[PDB]
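Letters A, B, ... mirror the listed sequences (proteins, then strands); counts begin at 1.
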Amino acid sequence: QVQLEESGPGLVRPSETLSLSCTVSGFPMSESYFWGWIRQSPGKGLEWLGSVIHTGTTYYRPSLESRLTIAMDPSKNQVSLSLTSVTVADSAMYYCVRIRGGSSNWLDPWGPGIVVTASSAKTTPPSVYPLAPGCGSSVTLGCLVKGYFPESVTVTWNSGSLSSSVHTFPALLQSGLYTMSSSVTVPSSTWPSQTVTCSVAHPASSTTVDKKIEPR
Amino acid sequence: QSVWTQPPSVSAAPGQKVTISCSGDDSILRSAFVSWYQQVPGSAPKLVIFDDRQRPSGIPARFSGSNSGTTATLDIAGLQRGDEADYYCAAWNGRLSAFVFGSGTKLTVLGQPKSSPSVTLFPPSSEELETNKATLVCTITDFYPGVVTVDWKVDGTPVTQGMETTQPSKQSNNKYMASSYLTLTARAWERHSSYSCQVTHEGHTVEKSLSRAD
């Protein structure tokens, strides 16, 4: 029963080479299928990179062909990807795939995917900035959690005896550093009399920041 | 083209049907077999149609494919909650020598009433401004279906640079949330007056604005 699994480093430094492996189980690599690689950037679409078959024939995305090497070793049930001269634009989920040869060109199955992050960053705690209204029945405050590395952070809120609704937004990778935000909504006319604080924990830097949201 | 054109999203109630188009230049798709893939954003794509109109083992006849030579179409009848996914077409483009995907279509199988987005716009903090940078944050919550487009204006004029928006993510009540960021230098913040975040959802806009001088 055919299964694919990608492995390799999740972090790659710009200018260096990205090297990934894919292990095939339950199916012979000596059959008439290609084995290849697809990638997908967060919130974007799917991009075919290339493929290889046991005879040695390879196909590459022409725009990446000079940087891409895809190979296979059936003695290790392996397909490999090597992408040289990595940039920040190469951050993506990378998928290995079995591809039917010939005019069919269909992709099945796909591996679960491996997250590749291209960044030169050191371990960096977040800078946490308060989000207070500019000068209805509720008010919304927040915390901007900027310029941290690596993932992840956790944001918790303390709004005392106020009923609250928390929205914690996913992170964006911008120039090798993450930014996220979190908001808390409390009843209008409660805050600022009643205190509201975000606690942002970044275990990688052993740092937690407790930011009280002050009125402007 | 190096990407096939698909509509960004479609929606319908359980039991209804949708149609998803996939088009290339002139009649380029007559020359290639089109395949379709279903992806839950949390997971890998899965093959649902191959060779224009064939179904792999386990895919019900509710899914059907067609290819006009110019446009390929995925039809999904008898909609069920589990059909909710992003759908991509794909095919070899012989003019480019590459395997090309469509731009993707989000399908929502409507499980609750439409909910318009709640938008809040925040100015940069004085603390951030001390670092010579300014970020405006536009939070967007409680929208359903989970598809929005965000536009920013500064001094009444569209912003084309320094904006980025998260992909929508699900709330505990199955509506969606997202955040958009406008990044500027501190000097640019000080040299403009009005700032606006415009969220389009189901063909209608919700806008918040502020003036630095407040």
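- Side chains of B:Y87 and B:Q38: a donor-acceptor N/O pair is present below 3.5 angstrom, by distance only.
- Checked for salt-bridge contact, B:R62 and B:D83 meet the test: a charged N lies under 4.0 Å from a carboxylate O.
- Between the side chains of B:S193 and B:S211, not a single donor N or O lies within less than 3.5 Å of an accepting N or O.
- Remark: the A:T197 side chain and the A:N158 side chain contain no N/O donor-acceptor pair separated by less than 3.5 Å.
- For B:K175 and B:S115, the side-chain atoms include at least one donor-acceptor pair closer than 3.5 Å.
- Ionic pairing of A:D108 and A:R98 is present here: one or more N-O contacts between side-chain nitrogen and carboxylate oxygen are shorter than 4.0 angstrom.
- A salt bridge is absent between B:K133 and B:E128; no separation between the charged side-chain nitrogens and carboxylate oxygens falls under 4.0 Å.
- Judged by distance alone, the side chains of B:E164 and A:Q174 do bring a donor and an acceptor atom under 3.5 Å apart.
- Between A:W110 and B:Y37, the distance separating the two ring centers is shorter than 6.0 angstrom.
- Counted by atom type alone, A:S51 and A:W37 present zero donor-acceptor pairs between their side chains at under 3.5 Å.
- Using modelled atom types and a 3.5 Å distance limit, the side chains of B:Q112 and B:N174 yield no donor-acceptor pair.
- Remark: the B:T108 side chain and the B:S11 side chain contain no N/O donor-acceptor pair separated by less than 3.5 Å.
- A salt bridge is absent between B:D155 and B:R212: the closest approach of a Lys/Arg side-chain nitrogen to an acidic carboxylate oxygen does not fall below 4.0 angstrom.
- Between A:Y33 and A:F27, the gap from one ring centroid to the other is short of 6.0 Å.
- Separation of the B:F50 and B:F33 ring centroids does not fall under the 6.0 Å cut-off.
- Under 3.5 Å, the side chains of B:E207 and B:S196 contain a donor-acceptor pair of N or O atoms.
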